[PDB]
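There are 2 protein chains.
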Amino acid sequence: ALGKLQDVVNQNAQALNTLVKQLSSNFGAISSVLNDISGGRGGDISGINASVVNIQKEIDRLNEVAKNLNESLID
Amino acid sequence: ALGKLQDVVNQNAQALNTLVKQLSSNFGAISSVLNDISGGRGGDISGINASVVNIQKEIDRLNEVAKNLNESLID
């Protein structure tokens, strides 16, 4: 019980901290361009496709972290 | 040790599962419009400001989950 769980928590907390940093950077780029478009200023979409790909991967990786944490209590 | 930790894991796994579902829905809207704009088809930005606000809150909430998990091993 105690041994198996803490390892799961450490590894996933680290993965989560990394994924949050990645989401933050990529979404900063996306939110800035969307602010411009909604401001009627047009938008520079340079690099945005790549940021979107990165966020899609991060969401899936976050889902894996959630699954790992939940599984650690069950089996 | 064992008692304090599992509660942290359960509550945060639940919060994480909820936040991932929220991020997924909001980002589906954002990625669809960005795909359109990069496709040269223009973009319908209806509702997008609100999705951006929601993702900003979810990122901050994810950071709180990461902090809680890490703190549970230390103090």
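Protein sequences, first through last, are from chains A and A'. A prime marks a further copy of an entry chain. Using the deposited numbering, the letters of the first sequence map in sequence onto residues 1 to 75. Using the deposited numbering, the letters of the second sequence map in sequence onto residues 1 to 75. Where a beta carbon is used, it is the ideal one built from N, C-alpha and C, also for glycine.
Residue i to residue j span [Cα, whole Å]
| i | j | result |
| --- | --- | --- |
| A'/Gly42 | A/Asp44 | 13 Å |
| A'/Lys4 | A/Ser31 | 38 Å |
| A'/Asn68 | A'/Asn12 | 8 Å |
| A'/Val8 | A/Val20 | 19 Å |
| A'/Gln14 | A'/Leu62 | 12 Å |
| A'/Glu64 | A'/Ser51 | 20 Å |
| A'/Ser25 | A'/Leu2 | 35 Å |
| A/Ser72 | A/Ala66 | 10 Å |
| A/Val33 | A/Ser46 | 9 Å |
| A'/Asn35 | A'/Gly28 | 10 Å |
| A/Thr18 | A/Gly40 | 34 Å |
| A/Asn70 | A/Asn10 | 14 Å |
| A'/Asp75 | A/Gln56 | 34 Å |
Nearest-angstrom Cβ-Cβ length linking residue i and residue j, presumed shorter than 8 Å
| i | j | result |
| --- | --- | --- |
| A'/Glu58 | A'/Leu16 | So it is not a contact: roughly 10 Å between Cβ atoms. |
| A/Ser38 | A'/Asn54 | The pair is not a contact, with the Cβ atoms about 15 Å apart (cut-off 8 Å). |
is_contact[residue i, chain A] using C-beta, thresh 8 Å
| i | result |
| --- | --- |
| A'/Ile55 | yes |
| A'/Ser25 | no |
| A'/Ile74 | no |
| A'/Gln6 | yes |
Within 9 Å of chain D by C-beta, residues of the stretch 30 to 50 of chain A in sequence order: Absent from the structure: chain D. Protein chains present are A and A'.
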